[PDB]
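Okay, structure first, notes after.
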Amino acid sequence: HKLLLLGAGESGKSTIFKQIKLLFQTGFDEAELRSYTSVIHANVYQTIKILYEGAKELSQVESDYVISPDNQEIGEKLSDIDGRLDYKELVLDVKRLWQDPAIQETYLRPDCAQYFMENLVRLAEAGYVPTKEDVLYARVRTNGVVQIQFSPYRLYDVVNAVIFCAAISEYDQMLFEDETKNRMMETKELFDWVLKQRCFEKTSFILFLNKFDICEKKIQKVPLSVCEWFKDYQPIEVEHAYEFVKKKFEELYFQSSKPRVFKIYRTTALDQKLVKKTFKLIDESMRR
Ligand SMILES: Nc1nc2c(ncn2[C@@H]2O[C@H](COP(=O)(O)OP(=O)(O)O)[C@@H](O)[C@H]2O)c(=O)[nH]1
Ligand SMILES: [Mg+2]
């Protein structure tokens, strides 16, 4: 019955966790969405907060990002909020907070947050219930362990099965935390390190290759050979490049060869019913 979620950075494991929550019951789902609006509101408020803080700092350190002077008085009420406690007047402020191009070139430097910036007025009014997409895009800092038991059987996010989330699209990107390191390389480092440890030998392994939609969008412009792991790559399309990444993920797994159980899944975490399928396939596969 046991499943554990392991990933690196923005692997999407919490998103998998979230939409398994919307998909399965976990009957209430009350107002689950309704309890989650406070969260959603929060990211709206600290997103334009970090956006505002950026523009001024970069303006001080770089020869100009200049804000509109009349905005500062409504602009720093933002800093006056501080999220003291779970927080249409604010949407009129925030839209009228945004208009300077400065803070969007600081933006054009969290991809989910821009969505929220496209849906304020729907969130504004009292008759608001978040869509399923609002829940998925909502960012909740994961504190501790989260247990969910449900039957179509507990899922953990921070054991009979380890779901490893590898965001194949991250091959372009360096680490957000470390500009030197590459996230695909850190995924390989993490994946290898998890495979080597003696505490998950008994555990069955399921691998998710996430953010595939970004992969099909991005592959046609940036070569996959940028990655040192994928430097071997030379095209003839999308399916082959994806299966190429599989090869690497395969051969990497099998080199940890001691004289059991392995599965790989093509996943998009931000859409659901692609994902329902994935769970259907592994829960029927989890025989014995
Ligand atoms: N395009 C796309 N983005 C995703 C998907 N899953 C997650 N994300 C992005 O990843 C971020 C959140 O990842 P998260 O679940 O927190 O990864 P975690 O920190 O390892 O749990 C969000 O900004 C999403 O936009 C996906 O299937 N497709
Ligand atoms: Mg997470």
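Each chain in the structure tokens gets a letter, A, B, ..., in the order shown, and its residues are numbered from 1; ligands are numbered from 1 in order too.
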Determine, for each residue of chain A having at least one atom at most 6 Å from an atom of ligand 1, the closest pair of atoms and their separation in Å to one decimal, counting only C-alpha atoms and all ligand atoms; order by chain and ascending number, as CSV.
```
residue,atom,partner,partner_atom_place_in_ligand_line,distance
A:7,CA,ligand 1,20 (O),5.1
A:8,CA,ligand 1,20 (O),5.5
A:9,CA,ligand 1,20 (O),4.9
A:10,CA,ligand 1,17 (O),3.6
A:11,CA,ligand 1,20 (O),4.0
A:12,CA,ligand 1,15 (O),3.2
A:13,CA,ligand 1,21 (O),4.0
A:14,CA,ligand 1,21 (O),3.7
A:15,CA,ligand 1,15 (O),4.1
A:110,CA,ligand 1,23 (O),5.4
A:111,CA,ligand 1,23 (O),5.2
A:112,CA,ligand 1,23 (O),4.3
A:210,CA,ligand 1,27 (O),5.6
A:211,CA,ligand 1,28 (N),4.0
A:213,CA,ligand 1,1 (N),5.8
A:214,CA,ligand 1,1 (N),5.3
A:268,CA,ligand 1,27 (O),3.6
A:269,CA,ligand 1,27 (O),3.1
A:270,CA,ligand 1,27 (O),3.7
```
The selected residues should be written to file as a JSON list (two decimals), in the first residue's frame (atoms: N, CA, C and O atoms).
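Result written to again12.json:
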```json
[["chain", "number", "residue", "atom", "x", "y", "z"],
["A", 7, "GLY", "N", 12.12, 13.55, -5.60],
["A", 7, "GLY", "CA", 12.45, 14.35, -6.77],
["A", 7, "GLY", "C", 13.43, 15.44, -6.41],
["A", 7, "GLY", "O", 13.79, 15.63, -5.24],
["A", 8, "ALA", "N", 13.86, 16.17, -7.43],
["A", 8, "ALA", "CA", 14.86, 17.23, -7.29],
["A", 8, "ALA", "C", 14.26, 18.56, -7.73],
["A", 8, "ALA", "O", 13.75, 18.67, -8.85],
["A", 9, "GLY", "N", 14.34, 19.56, -6.86],
["A", 9, "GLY", "CA", 13.92, 20.90, -7.22],
["A", 9, "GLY", "C", 12.46, 20.94, -7.63],
["A", 9, "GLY", "O", 11.56, 20.59, -6.86],
["A", 10, "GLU", "N", 12.22, 21.39, -8.86],
["A", 10, "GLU", "CA", 10.86, 21.49, -9.41],
["A", 10, "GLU", "C", 10.55, 20.27, -10.27],
["A", 10, "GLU", "O", 10.25, 20.37, -11.46],
["A", 11, "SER", "N", 10.63, 19.09, -9.64],
["A", 11, "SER", "CA", 10.34, 17.85, -10.35],
["A", 11, "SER", "C", 8.86, 17.67, -10.63],
["A", 11, "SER", "O", 8.50, 16.93, -11.55],
["A", 12, "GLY", "N", 7.99, 18.32, -9.86],
["A", 12, "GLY", "CA", 6.56, 18.17, -10.03],
["A", 12, "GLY", "C", 5.92, 17.12, -9.15],
["A", 12, "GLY", "O", 4.77, 16.74, -9.41],
["A", 13, "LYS", "N", 6.62, 16.63, -8.12],
["A", 13, "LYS", "CA", 6.04, 15.59, -7.28],
["A", 13, "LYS", "C", 4.87, 16.13, -6.47],
["A", 13, "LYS", "O", 3.86, 15.43, -6.30],
["A", 14, "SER", "N", 4.97, 17.36, -5.96],
["A", 14, "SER", "CA", 3.84, 17.95, -5.26],
["A", 14, "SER", "C", 2.65, 18.13, -6.19],
["A", 14, "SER", "O", 1.50, 18.00, -5.75],
["A", 15, "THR", "N", 2.89, 18.44, -7.46],
["A", 15, "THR", "CA", 1.80, 18.54, -8.42],
["A", 15, "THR", "C", 1.12, 17.19, -8.64],
["A", 15, "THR", "O", -0.11, 17.11, -8.69],
["A", 110, "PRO", "N", 9.73, 31.23, -11.00],
["A", 110, "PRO", "CA", 8.34, 30.80, -10.94],
["A", 110, "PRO", "C", 7.55, 31.11, -12.22],
["A", 110, "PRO", "O", 7.16, 32.26, -12.44],
["A", 111, "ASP", "N", 7.33, 30.08, -13.04],
["A", 111, "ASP", "CA", 6.50, 30.21, -14.23],
["A", 111, "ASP", "C", 5.02, 30.14, -13.87],
["A", 111, "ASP", "O", 4.19, 30.76, -14.54],
["A", 112, "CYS", "N", 4.68, 29.41, -12.81],
["A", 112, "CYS", "CA", 3.28, 29.27, -12.42],
["A", 112, "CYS", "C", 2.67, 30.62, -12.02],
["A", 112, "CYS", "O", 1.49, 30.87, -12.27],
["A", 210, "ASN", "N", 8.97, 13.94, -16.37],
["A", 210, "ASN", "CA", 7.95, 14.97, -16.27],
["A", 210, "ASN", "C", 8.22, 16.14, -17.21],
["A", 210, "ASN", "O", 9.27, 16.23, -17.85],
["A", 211, "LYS", "N", 7.25, 17.05, -17.27],
["A", 211, "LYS", "CA", 7.35, 18.27, -18.07],
["A", 211, "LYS", "C", 7.61, 17.94, -19.54],
["A", 211, "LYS", "O", 8.37, 18.63, -20.23],
["A", 213, "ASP", "N", 5.50, 18.18, -21.99],
["A", 213, "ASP", "CA", 4.95, 19.22, -22.85],
["A", 213, "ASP", "C", 5.97, 20.32, -23.12],
["A", 213, "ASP", "O", 6.08, 20.82, -24.24],
["A", 214, "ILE", "N", 6.74, 20.70, -22.09],
["A", 214, "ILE", "CA", 7.82, 21.65, -22.29],
["A", 214, "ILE", "C", 8.88, 21.04, -23.20],
["A", 214, "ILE", "O", 9.50, 21.74, -24.01],
["A", 268, "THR", "N", 3.08, 14.04, -17.91],
["A", 268, "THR", "CA", 2.87, 15.47, -17.74],
["A", 268, "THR", "C", 2.09, 15.66, -16.45],
["A", 268, "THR", "O", 0.95, 15.19, -16.33],
["A", 269, "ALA", "N", 2.70, 16.34, -15.47],
["A", 269, "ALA", "CA", 2.07, 16.45, -14.16],
["A", 269, "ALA", "C", 1.01, 17.55, -14.12],
["A", 269, "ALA", "O", 0.07, 17.46, -13.32],
["A", 270, "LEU", "N", 1.14, 18.58, -14.94],
["A", 270, "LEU", "CA", 0.24, 19.73, -14.86],
["A", 270, "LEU", "C", -1.08, 19.50, -15.59],
["A", 270, "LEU", "O", -2.02, 20.28, -15.37]]
```
Apply DSSP to the structure's backbone, then extract all residues of range 84-287 of chain A labelled helix (DSSP H, G or I) and return them as a PyMOL selection string. chain A and resi 89-98+102-107+112-116+120-124+132-137+168-171+183-196+212-218+224-226+238-255+275-285
Can I get the selection written as an mmCIF file, in the first residue's frame, with C-alpha atoms?
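As a result, selection-v3.cif now contains:
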```cif
data_model
loop_
_atom_site.group_PDB
_atom_site.id
_atom_site.type_symbol
_atom_site.label_atom_id
_atom_site.label_comp_id
_atom_site.auth_asym_id
_atom_site.auth_seq_id
_atom_site.Cartn_x
_atom_site.Cartn_y
_atom_site.Cartn_z
ATOM 1 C CA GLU A 89 -9.538 46.403 -3.713
ATOM 2 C CA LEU A 90 -6.342 44.382 -3.976
ATOM 3 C CA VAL A 91 -6.752 43.306 -7.577
ATOM 4 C CA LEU A 92 -7.244 46.940 -8.596
ATOM 5 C CA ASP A 93 -4.023 47.740 -6.729
ATOM 6 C CA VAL A 94 -2.031 44.802 -8.116
ATOM 7 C CA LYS A 95 -3.065 45.305 -11.749
ATOM 8 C CA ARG A 96 -2.348 49.010 -11.223
ATOM 9 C CA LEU A 97 0.823 47.854 -9.452
ATOM 10 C CA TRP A 98 2.033 45.993 -12.519
ATOM 11 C CA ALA A 102 10.399 47.468 -15.414
ATOM 12 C CA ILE A 103 9.004 44.711 -13.218
ATOM 13 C CA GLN A 104 8.245 42.524 -16.246
ATOM 14 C CA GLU A 105 11.807 42.682 -17.521
ATOM 15 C CA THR A 106 12.679 41.588 -14.001
ATOM 16 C CA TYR A 107 10.005 39.000 -14.770
ATOM 17 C CA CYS A 112 3.280 29.275 -12.416
ATOM 18 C CA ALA A 113 2.937 32.731 -10.848
ATOM 19 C CA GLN A 114 2.391 34.447 -14.210
ATOM 20 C CA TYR A 115 -0.792 32.413 -14.617
ATOM 21 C CA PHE A 116 -2.224 33.917 -11.407
ATOM 22 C CA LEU A 120 -6.875 38.170 -10.776
ATOM 23 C CA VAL A 121 -10.348 39.518 -11.528
ATOM 24 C CA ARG A 122 -11.836 36.019 -11.387
ATOM 25 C CA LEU A 123 -10.185 35.448 -8.000
ATOM 26 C CA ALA A 124 -11.283 38.907 -6.840
ATOM 27 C CA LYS A 132 -8.574 22.557 -10.538
ATOM 28 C CA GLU A 133 -5.837 24.414 -12.426
ATOM 29 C CA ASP A 134 -5.731 27.067 -9.696
ATOM 30 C CA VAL A 135 -5.073 24.297 -7.176
ATOM 31 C CA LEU A 136 -2.276 22.754 -9.255
ATOM 32 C CA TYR A 137 -0.596 26.087 -9.978
ATOM 33 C CA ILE A 168 13.362 15.973 -18.468
ATOM 34 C CA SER A 169 12.672 19.524 -19.648
ATOM 35 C CA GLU A 170 15.215 20.810 -17.099
ATOM 36 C CA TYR A 171 18.153 19.805 -19.371
ATOM 37 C CA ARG A 183 19.578 20.319 -13.022
ATOM 38 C CA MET A 184 19.647 17.313 -15.386
ATOM 39 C CA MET A 185 23.061 16.480 -13.967
ATOM 40 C CA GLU A 186 21.703 16.932 -10.441
ATOM 41 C CA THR A 187 18.797 14.668 -11.392
ATOM 42 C CA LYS A 188 21.333 12.053 -12.507
ATOM 43 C CA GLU A 189 23.298 12.574 -9.286
ATOM 44 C CA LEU A 190 20.159 12.260 -7.155
ATOM 45 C CA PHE A 191 18.722 9.329 -9.128
ATOM 46 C CA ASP A 192 22.011 7.429 -8.846
ATOM 47 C CA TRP A 193 22.309 8.237 -5.136
ATOM 48 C CA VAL A 194 18.789 6.971 -4.404
ATOM 49 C CA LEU A 195 19.420 3.754 -6.352
ATOM 50 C CA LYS A 196 22.622 3.026 -4.413
ATOM 51 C CA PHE A 212 7.133 16.458 -21.407
ATOM 52 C CA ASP A 213 4.946 19.224 -22.852
ATOM 53 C CA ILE A 214 7.823 21.648 -22.294
ATOM 54 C CA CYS A 215 10.082 19.063 -23.941
ATOM 55 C CA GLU A 216 8.032 18.947 -27.152
ATOM 56 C CA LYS A 217 7.851 22.757 -27.180
ATOM 57 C CA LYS A 218 11.503 23.420 -26.364
ATOM 58 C CA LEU A 224 19.399 18.394 -26.554
ATOM 59 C CA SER A 225 23.177 17.974 -26.993
ATOM 60 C CA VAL A 226 23.777 20.925 -24.628
ATOM 61 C CA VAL A 238 10.383 14.103 -30.371
ATOM 62 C CA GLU A 239 9.719 10.452 -29.539
ATOM 63 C CA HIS A 240 13.289 9.458 -30.408
ATOM 64 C CA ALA A 241 14.790 12.292 -28.353
ATOM 65 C CA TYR A 242 12.498 11.251 -25.500
ATOM 66 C CA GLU A 243 13.531 7.609 -25.895
ATOM 67 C CA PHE A 244 17.142 8.829 -26.049
ATOM 68 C CA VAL A 245 16.726 10.359 -22.586
ATOM 69 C CA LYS A 246 15.201 7.001 -21.649
ATOM 70 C CA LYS A 247 18.307 5.160 -22.837
ATOM 71 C CA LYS A 248 20.434 7.307 -20.532
ATOM 72 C CA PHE A 249 17.972 6.807 -17.671
ATOM 73 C CA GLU A 250 17.888 3.071 -18.426
ATOM 74 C CA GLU A 251 21.640 2.327 -18.703
ATOM 75 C CA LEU A 252 22.151 4.524 -15.619
ATOM 76 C CA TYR A 253 19.746 2.349 -13.630
ATOM 77 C CA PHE A 254 21.159 -0.998 -14.759
ATOM 78 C CA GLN A 255 24.793 -0.090 -13.988
ATOM 79 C CA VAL A 275 -1.962 11.378 -15.319
ATOM 80 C CA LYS A 276 -5.003 9.327 -14.302
ATOM 81 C CA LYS A 277 -3.825 6.774 -16.861
ATOM 82 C CA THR A 278 -0.377 6.548 -15.231
ATOM 83 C CA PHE A 279 -1.944 5.719 -11.871
ATOM 84 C CA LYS A 280 -4.369 3.255 -13.482
ATOM 85 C CA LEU A 281 -1.410 1.470 -15.062
ATOM 86 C CA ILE A 282 0.742 1.204 -11.938
ATOM 87 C CA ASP A 283 -2.030 0.383 -9.434
ATOM 88 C CA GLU A 284 -3.154 -2.531 -11.601
ATOM 89 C CA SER A 285 0.532 -3.386 -12.047
#
```
I need the residue nearest residue 204 in chain A from this list: A:262, A:87, A:24, A:65. Use only C-alpha atoms for the distance. A:262
At a cut-off of 9 Å, using only C-alpha atoms, what residues contact residue 67 in chain A? Leave out same-chain residues fewer than 4 positions from it and give the result as a ChimeraX atom specification. /A:52,55-56,59,71-72,100-103
Looking at only C-alpha atoms and all ligand atoms, which of A:1, A:141, A:288, A:21 is the one that sits closest to ligand 2?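 Answer, going by the shortest atom-to-atom distance: A:141.
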Taking the chain letters and numbering used in this document, name the residues of range 112-283 of chain A that DSSP puts in strand (DSSP E), as a ChimeraX atom specification. /A:146-149,154-157,161-167,204-210,262-266
What is the distance, in Å and to one decimal place, between CA of residue 152 in chain A and CA of residue 273 in chain A?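 Atom-to-atom, CA of residue 152 in chain A and CA of residue 273 in chain A are spaced 14.3 Å apart.
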Applying 9 Å and only C-alpha atoms, which residues near range 77-81 of chain A remain after dropping the ones on its own chain fewer than 6 positions away? List them as a ChimeraX atom specification. /A:45-46,48-49,52-53,87
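Each of A:84, A:258, A:154, A:18 was compared to ligand 2 using only C-alpha atoms and all ligand atoms, and A:18 turns out to be the nearest.
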